[PDB]
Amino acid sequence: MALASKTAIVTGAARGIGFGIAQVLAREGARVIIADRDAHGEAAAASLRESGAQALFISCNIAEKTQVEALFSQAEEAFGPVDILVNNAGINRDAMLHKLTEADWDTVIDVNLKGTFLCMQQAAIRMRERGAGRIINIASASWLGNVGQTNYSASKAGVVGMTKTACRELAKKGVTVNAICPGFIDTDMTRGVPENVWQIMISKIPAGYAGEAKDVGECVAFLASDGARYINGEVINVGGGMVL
């Protein structure tokens, strides 16, 4: 029970990787705020409660500062000081560089990059006064480039930059800020693809299988623990050796 008596916000935790992260944190004893724009977040929180954990859904669009301020206020009123923030919420609006619309650019930056910043900021305001904390950002293997992902790669590389900046500003205050880059993970987004394509992606992964949400969760749980106090500003790939 490595995270007993700790409070964690996981953004985008209604489903997929976020939900897997929330399960693992809950398994290790954390009180978990499921922060999501979608109301299925209530079902995710309920699922954690049914397994014996303490959990609460808070509706939040991370791209809106006032909603993010409200998320942190409410979270702390309910479960006390936020020890752990996991910035997992994100979207794709893929297109080739020459075709990408301004709207599809704007929206991906707004959620993945700005939204992540807004949450990091709220965590930082609080954590720097308490002298403790964990911020863990979910980036992507696409941060060093991927076809069709000018907006997404920009946003996720941006997240890595902020991660490293925040490490420098907050490390002396007892806070760690790290990034995880999932490789190819089995979720709803990756499942709905022709089976021939799936096999091509698998053949790019030296380990020979797609990861699960819980593989990302295990790495988050480790970075969130006291044993990872000296890991700061890192980018850890969770992709079975896969070089995108």
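We number the residues from 1 along the sequence you see.
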Original post:
Given the B-factors recorded for C-alpha atoms, which segment has the greater mean, 95-103 or 125-133?
Top reply: 125-133
Subject >> 144-152 versus 168-176 - which carries the larger mean C-alpha B factor in the record >> reply: 168-176
Original post:
Would the CA B-factor of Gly217 place it in the lowest, middle or highest third of its chain?
Top reply: lowest
**OP:** Could you tell me which third, lowest, middle or highest, the C-alpha B-factor of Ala13 occupies within its chain?
**Re:** middle
Subject >> Third assignment of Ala228 from its chain's C-alpha B-factors >> reply: highest
Subject >> Relative C-alpha B-factor of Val32, binned into the chain's lowest, middle or highest third >> reply: lowest
**OP:** Name the third of the chain's ranked CA B-factors that contains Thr7, choosing lowest, middle or highest.
**Re:** middle
